[PDB]
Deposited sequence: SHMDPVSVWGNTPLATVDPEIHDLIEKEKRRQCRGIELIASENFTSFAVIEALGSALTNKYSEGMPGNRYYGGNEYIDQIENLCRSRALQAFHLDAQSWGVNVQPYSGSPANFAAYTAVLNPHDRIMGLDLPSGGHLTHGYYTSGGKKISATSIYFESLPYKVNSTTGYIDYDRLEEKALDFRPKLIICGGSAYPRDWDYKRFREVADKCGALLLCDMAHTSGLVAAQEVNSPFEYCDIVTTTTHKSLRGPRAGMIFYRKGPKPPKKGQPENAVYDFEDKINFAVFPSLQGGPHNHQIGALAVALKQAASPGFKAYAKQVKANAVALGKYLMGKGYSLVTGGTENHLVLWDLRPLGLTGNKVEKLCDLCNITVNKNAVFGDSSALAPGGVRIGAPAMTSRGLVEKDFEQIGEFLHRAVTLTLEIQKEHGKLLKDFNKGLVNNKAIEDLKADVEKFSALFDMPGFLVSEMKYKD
């Protein structure tokens, strides 16, 4: 036989090497810019971030840390990771004498589990926001039947705290009481579907009374934190973890911030740095994904610009404006508003489940996600970061609410005519002219705005 020439296999563009995958990426590109993307955890990152993500940085193995690698060839990888770490501190206004950061986690879930491994022993106790109350899997999750779902609940001992059953706010009194009975070694704040800000000072007061470490998972609001538009968890938390692909508008990666230097009121100093770095490598991960680190460095510089602070301001205002429109139609929002990037829409007063609204919205190129509410999820979660990154403002998000209003009206019209069971409901989705009209208006409205990451003019499917 004969080996392929480098020019054939190694330099030929994707559109020629693999038409199938190229065609599917092009279809996904159109889907992203011809619908309304309301997944609260999604964003549209920049072309610059994407160019660093798709680069020769993927070829380099660089196990270890800058200045203490396991092998050579890391002269420029070290500068990239050092730039990424220093830019990570600048984006969140942290002094390098009081804070450090590890930028090697592959994603948010590796970042959280590495933080747990660093400061906790197996079976140590952890408290996190309950999933039906707005928490995340990695904060601990086991079912009513006792089945341990999350790895946090498998390798550690978790116990959730809940929001108030009626107001929807975090019950800080019941949080403190459970923390005193349970005595966790680590308390986690932050969540995935909580529509209000966090009282980190009260969390610090509870952690000090029970003797726990305080960690904040700011994955969802990290972009708002960098722009100083929400409460800063660094004022009170020992460790802060985050994703970088949500409101921060970067690549899919994770970071772990940790305190260093003198402790607040012997002459004790913090002992997190070595534990956190060792937990990431050599304990849990292998070689870093340097293409993610380089792309993250780009995203962190953009997050420090004045234009980004205006983006975070706009995300909050769009979420509020959208929430005001929905409540003006009589709809119920958890806590009756929002202070961040998302709204949590209670659908139980309409006799609807999140599944039905999400399915019909998806048929209209409106991507939301069903989400549990306090108490077959009875709500949908709606986020503003992604569509705001396309340039939408308050008036545009009121139009989104109008589309959502039309979609729920069609959901109720279908349910009233065919039935409450899924098999009955599905009958109304086949050959529905009103759905096809709603999708047409979404598509035309979505095409009105720009799209970052790629050029619509160069798209395959226009």
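> Where along the deposited sequence are residues missing from the model?
Replying inline: Unobserved in coordinates, per deposited numbering: 266-270, 381-385, 473.
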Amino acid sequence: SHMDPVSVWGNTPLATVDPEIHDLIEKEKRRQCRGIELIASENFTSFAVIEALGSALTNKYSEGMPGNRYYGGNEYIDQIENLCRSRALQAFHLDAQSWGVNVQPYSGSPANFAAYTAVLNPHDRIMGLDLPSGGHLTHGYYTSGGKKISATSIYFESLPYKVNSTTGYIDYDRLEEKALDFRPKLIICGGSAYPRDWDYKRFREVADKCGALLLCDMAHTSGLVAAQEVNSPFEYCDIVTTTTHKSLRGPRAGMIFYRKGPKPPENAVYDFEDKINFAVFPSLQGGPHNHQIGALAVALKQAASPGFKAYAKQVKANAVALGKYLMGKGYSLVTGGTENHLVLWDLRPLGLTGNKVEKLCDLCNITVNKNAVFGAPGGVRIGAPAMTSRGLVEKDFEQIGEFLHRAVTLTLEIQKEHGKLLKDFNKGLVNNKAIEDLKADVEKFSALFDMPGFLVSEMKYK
From here on, numbers count along this sequence of modelled residues.
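> Comparing 52-60 with 390-398, which has the greater mean CA B-factor as deposited?
Replying inline: That would be 390-398.
> Should the higher mean CA B-factor in the entry be assigned to 139-147 or to 338-346?
Replying inline: Taking the mean B-factor of the alpha carbons in each, 139-147 is higher.
> Of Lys178, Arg381, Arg125, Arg196, which one's C-alpha B factor is largest in the deposited record?
Replying inline: Checking the PDB record, the top C-alpha B-factor among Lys178, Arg381, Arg125, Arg196 is at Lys178.
> When the CA B-factors of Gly307, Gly250, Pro282, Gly294 are compared as recorded in the entry, which is the largest?
Replying inline: In the PDB entry, the greatest C-alpha B-factor among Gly307, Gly250, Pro282, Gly294 is found at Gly307.
> What third of its chain, lowest, middle or highest, does the C-alpha temperature factor of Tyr236 fall into?
Replying inline: For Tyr236, the deposited C-alpha B-factor lands in the middle third.
> Going by the entry, which third of its chain does the Cα temperature factor of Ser41 land in?
Replying inline: For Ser41, whose C-alpha B-factor we compare with every modelled residue in the chain, the answer is the middle third.
> In terms of the CA temperature factor given in the entry, to which third of its chain does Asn102 belong: lowest, middle or highest?
Replying inline: As the PDB entry reports it, the C-alpha B-factor of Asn102 lands in the lowest third of its chain.
>> Please place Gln302 in the lowest, middle or highest third of its chain according to the CA B-factor in the PDB entry.
In response: Ranked within chain, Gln302 CA B lands in the middle tercile.
> By its CA B factor, does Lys370 count among the lowest, middle or highest third of the modelled residues in the chain?
Replying inline: According to the entry, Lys370 has a C-alpha B-factor in the chain's highest third.
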